[PDB]
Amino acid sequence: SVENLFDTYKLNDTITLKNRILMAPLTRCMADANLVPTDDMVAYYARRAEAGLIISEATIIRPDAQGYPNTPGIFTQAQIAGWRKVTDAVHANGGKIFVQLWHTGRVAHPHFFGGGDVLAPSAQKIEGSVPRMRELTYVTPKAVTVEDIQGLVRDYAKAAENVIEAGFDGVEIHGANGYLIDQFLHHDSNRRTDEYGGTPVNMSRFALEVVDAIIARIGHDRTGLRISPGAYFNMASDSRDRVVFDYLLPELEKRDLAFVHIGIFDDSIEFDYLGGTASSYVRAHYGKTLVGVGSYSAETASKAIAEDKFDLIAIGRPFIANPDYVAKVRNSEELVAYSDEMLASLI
């Protein structure tokens, strides 16, 4: 029995979720050439409105954030209007939805933004080329200046302002999976020697400035944050990263966020540096609402939540394979297994 997945969950005084099931953020690369959400995307999200909360696909805050084709933005008026169609449709279906605010940092590619500079904490290139594209090899980033950083914080904040007009219920800040914010939090990517590098406090500074700037626009009850304390996605490991997160997590708790959400693909994986799984590490260092994710079945998620491992379950791939995931779980019906080939279709 997975009855607990259907518990009401009060995130805070502003938002109550009708169940504990989140749609995980899932990049689909289906926005139009102006990175405006399409009417097909409207229908796609609308049919998943039985989720307690949808986290949108990663949505770029400005042009030099783009690293994959046709990933939507939230920085132009047309993009805002396109997202308003999405959020209106989700709300009309009785759902709720947060936008996931993205900057890819060193994982951006200048093909998408007129040959401009890729930005990151340090001039540390990742290996390889953009997946599913022809020959877009990653480039050495420019190490951001403090002025670049001020502009990036400003643009995260402006993107958050824009979510009001776009009609989202809130923002998940994408601080995970090797992207810009996570790049400041890990030694592989952050080799800085200024006030944004070196020590846990300094390496956490960018993340906290972005969190605080966004709270100043939309409020703590509408702000969540995804983190990846375990390096796995465009990030080499470093044994010193754990103490960065040991500092960051209690600082985050002071902000009384809507949630922290783990970014991982299989949370059954143990990280030596974290003393175990990513979720168990965070749960041991953070005492507010936690969203688990990564290769959970409804059954294993339900058990984890019953065992106080985390509070809410995000479901990714099964929500692609099963638009009616929530109803099928509710009714104990067969679920289709995900395959990567399903990404070809937006259903």
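Residue indices: 1-based, along the sequence shown. C-alpha atoms forming the largest set that superposes within 1.5 Å between two forms make up the rigid core.
Taking 129-137 and 84-92 in turn, the stretch whose Cα atoms are more displaced from the shown form in 6 other deposited structures of this protein following rigid core superposition is 129-137. Higher average CA B factor: 37-45, of the stretches 37-45 and 52-60. Remark: stretch with higher mean C-alpha B factor among 329-337 and 12-20 is 329-337. Note on the listed residues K254, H261, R240, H91: the highest Cα temperature factor in the record is that of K254. Within the selection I149, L274, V118, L180, the deposited Cα B-factor values reach their highest point at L274. Looking at the C-alpha B-factors along this chain, the one for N70 belongs to the middle third.
When the modelled residues of the chain are ordered by C-alpha B-factor, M133 sits in the highest third. Placement of the Cα temperature factor of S297 within the chain: highest third of the modelled residues, per the deposited record. The entry lists a Cα temperature factor for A78 that places it in the middle third of the chain's modelled residues. For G198, the recorded CA B-factor ranks within the highest third of the chain. Only modelled residues enter the ranking.
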